[PDB]
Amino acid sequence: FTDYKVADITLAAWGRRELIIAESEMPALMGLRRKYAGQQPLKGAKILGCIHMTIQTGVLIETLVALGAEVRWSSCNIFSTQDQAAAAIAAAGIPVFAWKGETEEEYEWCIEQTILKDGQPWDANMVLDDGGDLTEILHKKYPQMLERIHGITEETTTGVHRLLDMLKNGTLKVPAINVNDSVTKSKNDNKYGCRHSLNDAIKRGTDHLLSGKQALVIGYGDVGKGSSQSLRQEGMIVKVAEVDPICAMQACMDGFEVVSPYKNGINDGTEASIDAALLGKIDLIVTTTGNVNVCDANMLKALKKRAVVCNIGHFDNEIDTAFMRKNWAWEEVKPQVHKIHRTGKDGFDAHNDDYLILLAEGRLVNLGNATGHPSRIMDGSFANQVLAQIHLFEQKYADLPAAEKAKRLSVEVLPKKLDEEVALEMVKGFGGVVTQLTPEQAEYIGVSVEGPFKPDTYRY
């Protein structure tokens, strides 16, 4: 077996030890493996996967394989691979093209190695994506391959936005499931995973005390809520920026001061518009938005000396790293930790006081400087991914006639009953005990004893 590319195949035994521990932390996902093993619901499935090649993704891959799938795998970020996970999957005879510290060229080459087998399009029929890079490449460069693909299961908020844009423009060629918007994904992974992994990544990259220090979190969606808690629980003094007044109201009620980097919130492109007093007091800035240039050049110029800058949103463009690359000298501390010298770019003084510390070159910090979300949280996301793969593979959209395709070409979420069954396995993994409604109580609140327990309008 040679159909792979990883950093070091000799890490496979370490990877396999970690996979065995992870299996014990992922009861929803291992429950699906155990339930659906007999039935082989993914027999015949040929899955192109593009998602962070971590130990958790390993347990997802081997679940899909155990249910009958074949896969070809790549990471959706240049720094998110755990090399021992990539090695364990390669050593199991699974095609994977992933290492930590890819270049942009190696990243694209790795996605192309999943799409192509022996130099020709693989007989793919399913797509599992995180952030939409693989989905975009298939639509733009391999439209013939999409004729035989039954669906896309999309992990993250940014990738779902890209799918919905394609659906509105009539360019989406196969149906998708929005896995992000299961409650056991969005209100589990996006929030609690960032609570666990943001402070973890800053401590591994810098070993900085956080207690006592001033943080600014840009955004207060699911990731900004979990990020703000990651920092506040360590004793940081956390300020929150938002454009959405409903998310800002939650931040105030959660005990955060809501501030804007710009005077009166107005970003009119000038240095004069920067709240220099506020940014001059900030020791850490974290972007959580999925948006573009929310930590801009003028903010970076105004930050306190030796402030840490990082991004936990899907793509680097949240921070104006291109400005920093043009203007300022980069001194590498160790991989995924750079001192950015604001003195200029004509080399640097090792003793200069005027620098920022950038983590993961502005790429997803939790995965770049630590290991991303823990197994027990990713259990929820990846149980949903498996149920979504089963649903779209069983629906066989590619085999429908043209007029039947038209009725099914949609971006859909999984039913609440499945979201509840995932949650129940998660709860039992903590040793939680869920109460069973009496018939009197089920009748009183108007639900089945078996659920679903809430209307689809319920926000949790």
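All residue numbers are counted from 1 along the displayed sequence.
If you average the C-alpha B-factors over 258-266 and over 370-378, the higher value belongs to 258-266. On average the C-alpha atoms of 168-176 have higher B-factors than those of the other stretch, with 168-176 and 101-109 being the two compared. Looking only at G49, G44, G58, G429, the residue with the top Cα B factor in the deposited structure is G44.
Sorting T287, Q229, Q84, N317 by the CA temperature factor given in the entry leaves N317 at the top. Per-chain ranking of the deposited C-alpha B factor places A442 in the highest third.
When the modelled residues of the chain are ordered by C-alpha B-factor, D200 sits in the lowest third. Compared with the other modelled residues of the chain, the Cα B-factor recorded for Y220 ranks in the lowest third.
Among all modelled residues in its chain, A13 ranks in the middle third by Cα B-factor. Ranked by C-alpha B-factor against the other modelled residues of its chain, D275 falls in the highest third.
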